[PDB]
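> A single structure is presented below for examination.
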Amino acid sequence: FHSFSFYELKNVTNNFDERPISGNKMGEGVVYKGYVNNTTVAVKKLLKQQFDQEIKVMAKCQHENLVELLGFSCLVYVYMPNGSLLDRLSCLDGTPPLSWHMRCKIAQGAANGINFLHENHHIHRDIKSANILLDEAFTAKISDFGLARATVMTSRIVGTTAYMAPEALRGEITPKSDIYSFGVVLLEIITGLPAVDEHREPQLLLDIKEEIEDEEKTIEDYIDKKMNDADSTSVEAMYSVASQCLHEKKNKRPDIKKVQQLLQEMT
Ligand SMILES: Cc1ncc(-c2nc3c(OC4(C)CC4)nc(Nc4cnn(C5CC6(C5)CN(C)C6)c4)nc3cc2F)cn1
């Protein structure tokens, strides 16, 4: 890695411009746009124990479906031209909707990323569409390794509530919890709906699974209307994977290698 100095990064961010574009701030520590020679970068100005793991994971783990850390002193990353899956799903700033075909590539790539992490004996602990970033070609790249962990329990429960497995909300640290979170992500990819919306009924997206099972509604009734290329067969095939992931009994969920397999078979 490139061992940076806090003054260089200030000028690249132009005195750390905490403002939109109409500045440098892209969103949120905080993340601002920048440049190093020609290389566009996202700098994360940040807890100390979290920074140690972020560098540990980024040094051990290198994959095309994971983000790349360039510098540290303030973690520095290759700017992602298409932001997060969350923002692209909600068409933030007027970006056009993702087609079914693009969404499949995203799901597939994100599973590959998780498989690489599970292969290298690591648990993400915070899989969510905001942590799935997209490059110039919309390749999915898993991000945020600060709370990552190399069955085990903790008294300090952390993550994003709407994405968390039941046993994860009880304290458990299992790689099977990441699988549950990925199933919520697959539901957002199908529906284009955020995992949680206070001004919505149901507020929680993982509740639609129950409505479908109790035949109150169909998966067809929940498919994102902001697409023209989705076919019932492959949509039902992604929902089936999502359903399997979202089993309340952690040992009844598929492993990431099988999730990865079911996504390939779909295309
Ligand atoms: C621990 C950790 N922290 C942060 C990263 C990380 N984060 C981001 C990142 O984070 C955010 C989503 C909050 C802003 N954003 C981006 N790029 C981007 C952000 N917004 N946009 C839009 C998309 C357009 C501009 C509109 N359309 C015309 C192009 C692009 N790259 C990133 C790269 C990274 F490595 C990784 N690991």
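In the structure tokens, each chain is lettered A, B, ... as it comes, each chain's residues begin at 1, and ligands are numbered from 1 in order of appearance.
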Report the closest atom pair, with its distance in Å rounded to one decimal, for each residue of stretch 115-233 of chain A that has an atom no farther than 8 Å from stretch 255-261 of chain A; count only C-alpha atoms, sort by chain and then rising residue number, and write it as a Markdown table.

| residue | atom | partner | partner_atom | distance |
| --- | --- | --- | --- | --- |
| A:115 | CA | A:256 | CA | 5.6 |
| A:118 | CA | A:256 | CA | 7.7 |
| A:176 | CA | A:255 | CA | 7.1 |
| A:179 | CA | A:256 | CA | 6.7 |
> With N, CA, C and O atoms retained, export the selected residues as a PDB file, in the first residue's frame.

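Done, and the output landed in selection-v4.pdb:
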ATOM      1  N   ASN A 115     -18.164 -15.244  -1.375  1.00  0.00           N
ATOM      2  CA  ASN A 115     -17.524 -16.559  -1.457  1.00  0.00           C
ATOM      3  C   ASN A 115     -16.026 -16.484  -1.246  1.00  0.00           C
ATOM      4  O   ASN A 115     -15.468 -17.360  -0.609  1.00  0.00           O
ATOM      5  N   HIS A 118     -15.514 -15.842   2.484  1.00  0.00           N
ATOM      6  CA  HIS A 118     -15.810 -17.009   3.281  1.00  0.00           C
ATOM      7  C   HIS A 118     -14.755 -18.059   3.045  1.00  0.00           C
ATOM      8  O   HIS A 118     -14.544 -18.932   3.865  1.00  0.00           O
ATOM      9  N   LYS A 176     -23.148 -17.767   8.314  1.00  0.00           N
ATOM     10  CA  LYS A 176     -24.526 -18.001   7.888  1.00  0.00           C
ATOM     11  C   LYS A 176     -25.387 -16.739   8.047  1.00  0.00           C
ATOM     12  O   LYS A 176     -26.471 -16.680   7.465  1.00  0.00           O
ATOM     13  N   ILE A 179     -25.202 -14.713   4.785  1.00  0.00           N
ATOM     14  CA  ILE A 179     -26.074 -15.367   3.803  1.00  0.00           C
ATOM     15  C   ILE A 179     -27.482 -14.786   3.927  1.00  0.00           C
ATOM     16  O   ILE A 179     -28.104 -14.485   2.906  1.00  0.00           O
TER      17      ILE A 179
END
> Can you list, as an MDAnalysis selection string, every protein, DNA or RNA residue that comes within 12 Å of residue A:68 when you count only C-alpha atoms, leaving out same-chain residues fewer than 5 positions away?
chainID A and resid 1 41:43 54:55 57:63 75:80 133 135 141:145
> Using only C-alpha atoms, find each residue in stretch 150-187 of chain A having at least one atom no more than 9 Å away from stretch 121-128 of chain A; report its shortest atom-to-atom pair and that distance in Å (one decimal), rows by chain then rising number, as CSV.

residue,atom,partner,partner_atom,distance
A:150,CA,A:122,CA,4.4
A:158,CA,A:125,CA,7.8
A:159,CA,A:126,CA,5.2
A:160,CA,A:126,CA,6.4
A:163,CA,A:128,CA,6.5
A:164,CA,A:126,CA,7.8
A:168,CA,A:125,CA,8.6
A:173,CA,A:125,CA,7.7
A:174,CA,A:123,CA,7.2
A:175,CA,A:123,CA,5.3
A:176,CA,A:123,CA,8.8
A:177,CA,A:125,CA,7.4
A:178,CA,A:127,CA,6.1
A:179,CA,A:127,CA,8.6
A:180,CA,A:127,CA,9.0
A:181,CA,A:127,CA,5.6
A:182,CA,A:127,CA,6.3
A:184,CA,A:128,CA,7.8
A:185,CA,A:128,CA,6.1
> For stretch 191-205 of chain A, work out the shell of residues within 8 Å, counting only C-alpha atoms and skipping chain neighbours fewer than 3 positions away, then give it as a PyMOL selection string.
chain A and resi 86+89-90+162-163+184-185+187-188+208-209+222-224+226
> Could those residues be written to a file, using N, CA and C atoms, as an mmCIF file, in the first residue's frame?

data_model
loop_
_atom_site.group_PDB
_atom_site.id
_atom_site.type_symbol
_atom_site.label_atom_id
_atom_site.label_comp_id
_atom_site.auth_asym_id
_atom_site.auth_seq_id
_atom_site.Cartn_x
_atom_site.Cartn_y
_atom_site.Cartn_z
ATOM 1 N N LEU A 86 -27.592 0.522 -3.523
ATOM 2 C CA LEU A 86 -28.703 1.213 -2.859
ATOM 3 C C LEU A 86 -29.146 2.422 -3.694
ATOM 4 N N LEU A 89 -30.409 1.573 -7.226
ATOM 5 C CA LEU A 89 -31.737 0.956 -7.103
ATOM 6 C C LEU A 89 -32.825 2.020 -6.899
ATOM 7 N N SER A 90 -32.497 3.076 -6.144
ATOM 8 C CA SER A 90 -33.399 4.197 -5.922
ATOM 9 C C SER A 90 -33.244 5.320 -7.001
ATOM 10 N N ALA A 162 -32.260 -3.916 9.486
ATOM 11 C CA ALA A 162 -33.125 -4.414 8.410
ATOM 12 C C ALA A 162 -32.535 -5.599 7.616
ATOM 13 N N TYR A 163 -31.209 -5.785 7.702
ATOM 14 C CA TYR A 163 -30.436 -6.794 6.980
ATOM 15 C C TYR A 163 -29.954 -7.938 7.851
ATOM 16 N N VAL A 184 -31.668 -10.498 1.810
ATOM 17 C CA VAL A 184 -32.399 -9.216 1.888
ATOM 18 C C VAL A 184 -32.007 -8.397 0.647
ATOM 19 N N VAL A 185 -30.680 -8.396 0.304
ATOM 20 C CA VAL A 185 -30.094 -7.704 -0.845
ATOM 21 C C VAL A 185 -30.730 -8.224 -2.133
ATOM 22 N N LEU A 187 -33.665 -9.452 -2.404
ATOM 23 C CA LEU A 187 -35.026 -8.934 -2.423
ATOM 24 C C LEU A 187 -35.097 -7.497 -2.952
ATOM 25 N N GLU A 188 -34.104 -6.650 -2.627
ATOM 26 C CA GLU A 188 -34.007 -5.260 -3.103
ATOM 27 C C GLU A 188 -33.737 -5.251 -4.582
ATOM 28 N N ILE A 208 -42.222 -9.227 3.103
ATOM 29 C CA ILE A 208 -42.889 -9.575 1.838
ATOM 30 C C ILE A 208 -42.795 -11.090 1.576
ATOM 31 N N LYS A 209 -41.739 -11.750 2.085
ATOM 32 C CA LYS A 209 -41.506 -13.195 1.975
ATOM 33 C C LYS A 209 -42.661 -13.966 2.622
ATOM 34 N N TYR A 222 -44.566 -8.010 -6.738
ATOM 35 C CA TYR A 222 -43.501 -7.217 -6.101
ATOM 36 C C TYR A 222 -42.299 -6.863 -6.996
ATOM 37 N N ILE A 223 -42.221 -7.412 -8.233
ATOM 38 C CA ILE A 223 -41.155 -7.137 -9.200
ATOM 39 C C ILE A 223 -41.076 -5.624 -9.494
ATOM 40 N N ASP A 224 -39.838 -5.093 -9.531
ATOM 41 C CA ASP A 224 -39.578 -3.707 -9.841
ATOM 42 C C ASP A 224 -40.183 -3.344 -11.219
ATOM 43 N N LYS A 226 -39.725 -0.568 -12.735
ATOM 44 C CA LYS A 226 -38.718 0.228 -13.416
ATOM 45 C C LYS A 226 -37.752 -0.629 -14.290
#
> Identify all residues of stretch 39-238 of chain A in strand (DSSP E or B) (DSSP on the backbone) and supply them as a ChimeraX atom specification.
/A:39-45,66,69,71-72,75-78,84,123,132-134,140-142,149,152-153,172-173,196,204
> Would you export the selected residues with N, CA, C and O atoms as a CSV table (one decimal), in the first residue's frame, please?

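To be explicit, this is the file written out as again-v2.csv:
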chain,number,residue,atom,x,y,z
A,39,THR,N,-5.6,8.7,-11.2
A,39,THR,CA,-6.4,7.7,-10.4
A,39,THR,C,-7.4,8.5,-9.5
A,39,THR,O,-7.0,9.2,-8.6
A,40,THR,N,-8.7,8.4,-9.9
A,40,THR,CA,-9.8,9.0,-9.1
A,40,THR,C,-9.9,8.2,-7.8
A,40,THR,O,-9.9,6.9,-7.9
A,41,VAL,N,-10.0,8.9,-6.7
A,41,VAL,CA,-10.1,8.2,-5.4
A,41,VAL,C,-11.2,8.7,-4.5
A,41,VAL,O,-11.6,9.9,-4.5
A,42,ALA,N,-11.7,7.8,-3.6
A,42,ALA,CA,-12.7,8.1,-2.6
A,42,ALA,C,-11.9,8.0,-1.3
A,42,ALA,O,-11.2,7.0,-1.1
A,43,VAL,N,-11.8,9.1,-0.6
A,43,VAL,CA,-11.0,9.1,0.7
A,43,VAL,C,-12.0,9.0,1.8
A,43,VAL,O,-13.0,9.8,1.9
A,44,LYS,N,-11.8,8.1,2.8
A,44,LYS,CA,-12.6,7.9,4.0
A,44,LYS,C,-11.9,8.6,5.2
A,44,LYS,O,-10.9,8.0,5.7
A,45,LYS,N,-12.4,9.7,5.6
A,45,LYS,CA,-11.9,10.5,6.8
A,45,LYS,C,-12.8,10.0,7.9
A,45,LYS,O,-14.0,10.3,8.0
A,66,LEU,N,-14.3,-7.4,-4.8
A,66,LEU,CA,-14.0,-6.7,-3.6
A,66,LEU,C,-13.5,-5.3,-4.0
A,66,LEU,O,-12.9,-5.2,-5.0
A,69,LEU,N,-8.1,-1.0,-1.7
A,69,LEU,CA,-7.6,0.1,-0.9
A,69,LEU,C,-6.3,0.5,-1.5
A,69,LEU,O,-5.5,-0.3,-1.8
A,71,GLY,N,-4.4,3.9,-0.4
A,71,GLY,CA,-3.6,4.4,0.7
A,71,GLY,C,-4.2,4.4,2.1
A,71,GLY,O,-5.4,4.1,2.2
A,72,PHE,N,-3.4,4.7,3.1
A,72,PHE,CA,-3.7,4.7,4.5
A,72,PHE,C,-2.6,5.5,5.3
A,72,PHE,O,-1.4,5.5,4.9
A,75,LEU,N,-8.4,6.2,5.2
A,75,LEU,CA,-8.3,5.1,4.2
A,75,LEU,C,-8.6,5.7,2.8
A,75,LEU,O,-9.5,6.5,2.8
A,76,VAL,N,-7.9,5.3,1.8
A,76,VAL,CA,-8.0,5.8,0.4
A,76,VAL,C,-8.4,4.7,-0.5
A,76,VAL,O,-7.7,3.7,-0.5
A,77,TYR,N,-9.4,4.9,-1.4
A,77,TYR,CA,-9.9,3.9,-2.3
A,77,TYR,C,-10.1,4.3,-3.7
A,77,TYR,O,-10.4,5.5,-4.0
A,78,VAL,N,-10.0,3.3,-4.7
A,78,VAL,CA,-10.3,3.6,-6.1
A,78,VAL,C,-11.8,4.1,-6.1
A,78,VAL,O,-12.7,3.3,-5.7
A,84,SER,N,-23.1,3.2,-5.1
A,84,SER,CA,-23.6,2.0,-4.4
A,84,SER,C,-24.9,1.4,-5.1
A,84,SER,O,-25.6,2.1,-5.7
A,123,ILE,N,-15.9,-13.2,8.0
A,123,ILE,CA,-17.4,-12.9,8.1
A,123,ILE,C,-17.4,-11.3,7.9
A,123,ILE,O,-16.7,-10.6,8.6
A,132,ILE,N,-22.4,-2.6,-1.3
A,132,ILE,CA,-22.1,-3.2,-2.6
A,132,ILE,C,-22.0,-2.0,-3.6
A,132,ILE,O,-23.0,-1.3,-3.9
A,133,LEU,N,-20.7,-1.8,-4.0
A,133,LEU,CA,-20.4,-0.7,-4.9
A,133,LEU,C,-20.2,-1.2,-6.3
A,133,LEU,O,-20.1,-2.4,-6.6
A,134,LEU,N,-20.4,-0.3,-7.3
A,134,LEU,CA,-20.3,-0.6,-8.7
A,134,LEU,C,-19.3,0.2,-9.4
A,134,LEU,O,-19.3,1.5,-9.4
A,140,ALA,N,-20.0,-5.7,-9.4
A,140,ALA,CA,-20.3,-5.5,-7.9
A,140,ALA,C,-19.0,-5.7,-7.2
A,140,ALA,O,-18.2,-6.6,-7.4
A,141,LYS,N,-18.8,-4.8,-6.2
A,141,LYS,CA,-17.6,-4.9,-5.4
A,141,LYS,C,-18.0,-4.7,-3.9
A,141,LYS,O,-18.5,-3.6,-3.6
A,142,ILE,N,-17.9,-5.7,-3.1
A,142,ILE,CA,-18.1,-5.7,-1.6
A,142,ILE,C,-17.2,-4.7,-1.0
A,142,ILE,O,-16.0,-4.7,-1.2
A,149,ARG,N,-14.9,-10.2,10.8
A,149,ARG,CA,-14.3,-11.1,11.8
A,149,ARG,C,-13.8,-12.4,11.2
A,149,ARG,O,-14.5,-13.0,10.4
A,152,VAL,N,-19.5,-18.3,17.7
A,152,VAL,CA,-18.9,-17.3,18.6
A,152,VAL,C,-19.9,-16.2,18.9
A,152,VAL,O,-20.8,-16.0,18.1
A,153,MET,N,-19.9,-15.6,20.1
A,153,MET,CA,-20.8,-14.5,20.5
A,153,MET,C,-20.1,-13.3,21.0
A,153,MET,O,-19.0,-13.3,21.4
A,172,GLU,N,-25.0,-13.7,18.2
A,172,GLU,CA,-24.2,-14.7,17.4
A,172,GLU,C,-23.4,-14.1,16.2
A,172,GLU,O,-23.9,-13.2,15.5
A,173,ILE,N,-22.2,-14.7,16.0
A,173,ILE,CA,-21.2,-14.3,14.9
A,173,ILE,C,-21.0,-15.6,14.1
A,173,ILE,O,-20.2,-16.5,14.5
A,196,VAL,N,-35.8,-1.1,4.4
A,196,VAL,CA,-36.6,-0.5,5.4
A,196,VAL,C,-37.1,0.9,4.9
A,196,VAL,O,-36.3,1.7,4.3
A,204,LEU,N,-40.6,-3.3,6.7
A,204,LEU,CA,-39.5,-4.3,6.4
A,204,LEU,C,-39.7,-5.1,5.2
A,204,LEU,O,-40.7,-5.8,5.2
> List as an MDAnalysis selection string the protein and nucleic acid residues near residue A:262, meaning an atom at most 12 Å away when only C-alpha atoms are counted, but skip any in the same chain fewer than 2 places from it.
chainID A and resid 104 107:108 111:112 234 236:242 244:245 254:260 264:267
> Using N, CA and C atoms, can you export the residues from the last selection as an mmCIF file, in the first residue's frame?

data_model
loop_
_atom_site.group_PDB
_atom_site.id
_atom_site.type_symbol
_atom_site.label_atom_id
_atom_site.label_comp_id
_atom_site.auth_asym_id
_atom_site.auth_seq_id
_atom_site.Cartn_x
_atom_site.Cartn_y
_atom_site.Cartn_z
ATOM 1 N N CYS A 104 -28.658 -9.127 -12.496
ATOM 2 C CA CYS A 104 -28.150 -10.507 -12.431
ATOM 3 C C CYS A 104 -26.635 -10.574 -12.283
ATOM 4 N N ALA A 107 -25.831 -9.326 -8.756
ATOM 5 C CA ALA A 107 -26.074 -10.364 -7.771
ATOM 6 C C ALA A 107 -24.952 -11.394 -7.820
ATOM 7 N N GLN A 108 -24.682 -11.927 -9.013
ATOM 8 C CA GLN A 108 -23.655 -12.926 -9.276
ATOM 9 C C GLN A 108 -22.275 -12.524 -8.757
ATOM 10 N N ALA A 111 -22.118 -12.279 -4.858
ATOM 11 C CA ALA A 111 -22.019 -13.630 -4.271
ATOM 12 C C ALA A 111 -20.582 -14.127 -4.367
ATOM 13 N N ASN A 112 -19.907 -13.899 -5.524
ATOM 14 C CA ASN A 112 -18.503 -14.261 -5.748
ATOM 15 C C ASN A 112 -17.590 -13.585 -4.723
ATOM 16 N N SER A 234 -36.497 -16.332 -14.522
ATOM 17 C CA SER A 234 -35.263 -15.964 -13.821
ATOM 18 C C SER A 234 -35.528 -15.129 -12.581
ATOM 19 N N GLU A 236 -38.269 -15.567 -10.587
ATOM 20 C CA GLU A 236 -38.685 -16.604 -9.646
ATOM 21 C C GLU A 236 -37.467 -17.391 -9.148
ATOM 22 N N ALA A 237 -36.473 -17.608 -10.020
ATOM 23 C CA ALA A 237 -35.232 -18.315 -9.708
ATOM 24 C C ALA A 237 -34.359 -17.534 -8.713
ATOM 25 N N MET A 238 -34.324 -16.171 -8.806
ATOM 26 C CA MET A 238 -33.578 -15.348 -7.846
ATOM 27 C C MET A 238 -34.306 -15.270 -6.508
ATOM 28 N N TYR A 239 -35.665 -15.188 -6.532
ATOM 29 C CA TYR A 239 -36.494 -15.173 -5.337
ATOM 30 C C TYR A 239 -36.349 -16.479 -4.562
ATOM 31 N N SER A 240 -36.229 -17.615 -5.271
ATOM 32 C CA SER A 240 -36.058 -18.927 -4.660
ATOM 33 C C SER A 240 -34.748 -18.982 -3.888
ATOM 34 N N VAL A 241 -33.685 -18.352 -4.424
ATOM 35 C CA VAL A 241 -32.379 -18.285 -3.777
ATOM 36 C C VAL A 241 -32.530 -17.398 -2.559
ATOM 37 N N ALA A 242 -33.172 -16.215 -2.736
ATOM 38 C CA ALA A 242 -33.446 -15.250 -1.668
ATOM 39 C C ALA A 242 -34.234 -15.895 -0.532
ATOM 40 N N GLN A 244 -34.403 -19.185 0.315
ATOM 41 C CA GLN A 244 -33.496 -20.136 0.943
ATOM 42 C C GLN A 244 -32.537 -19.454 1.907
ATOM 43 N N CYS A 245 -32.001 -18.280 1.513
ATOM 44 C CA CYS A 245 -31.082 -17.447 2.295
ATOM 45 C C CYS A 245 -31.726 -16.929 3.561
ATOM 46 N N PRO A 254 -28.592 -22.011 2.664
ATOM 47 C CA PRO A 254 -27.526 -22.590 1.850
ATOM 48 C C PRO A 254 -26.196 -21.908 2.136
ATOM 49 N N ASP A 255 -25.087 -22.544 1.754
ATOM 50 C CA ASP A 255 -23.790 -21.914 1.952
ATOM 51 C C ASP A 255 -23.563 -20.995 0.751
ATOM 52 N N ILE A 256 -22.535 -20.169 0.806
ATOM 53 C CA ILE A 256 -22.305 -19.192 -0.229
ATOM 54 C C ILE A 256 -21.894 -19.856 -1.525
ATOM 55 N N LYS A 257 -21.361 -21.059 -1.429
ATOM 56 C CA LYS A 257 -20.909 -21.752 -2.604
ATOM 57 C C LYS A 257 -22.094 -22.281 -3.364
ATOM 58 N N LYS A 258 -23.175 -22.520 -2.656
ATOM 59 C CA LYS A 258 -24.378 -23.019 -3.283
ATOM 60 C C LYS A 258 -25.233 -21.875 -3.817
ATOM 61 N N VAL A 259 -25.237 -20.763 -3.098
ATOM 62 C CA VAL A 259 -25.872 -19.508 -3.521
ATOM 63 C C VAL A 259 -25.227 -19.059 -4.840
ATOM 64 N N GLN A 260 -23.881 -19.115 -4.891
ATOM 65 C CA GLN A 260 -23.059 -18.802 -6.051
ATOM 66 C C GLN A 260 -23.432 -19.721 -7.230
ATOM 67 N N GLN A 264 -25.530 -18.843 -10.965
ATOM 68 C CA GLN A 264 -24.978 -19.216 -12.271
ATOM 69 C C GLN A 264 -26.023 -19.980 -13.109
ATOM 70 N N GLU A 265 -26.650 -21.021 -12.523
ATOM 71 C CA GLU A 265 -27.698 -21.849 -13.137
ATOM 72 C C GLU A 265 -28.863 -21.007 -13.665
ATOM 73 N N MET A 266 -29.133 -19.861 -13.009
ATOM 74 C CA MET A 266 -30.172 -18.897 -13.350
ATOM 75 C C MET A 266 -29.911 -18.230 -14.726
ATOM 76 N N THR A 267 -28.620 -18.050 -15.097
ATOM 77 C CA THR A 267 -28.227 -17.454 -16.384
ATOM 78 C C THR A 267 -27.560 -18.490 -17.304
#
> Take atom CA of residue A:64 and atom CA of residue A:206 and report the distance between them in Å, one decimal.
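Spanning atom CA of residue A:64 to atom CA of residue A:206 is a straight-line distance of 28.8 Å.
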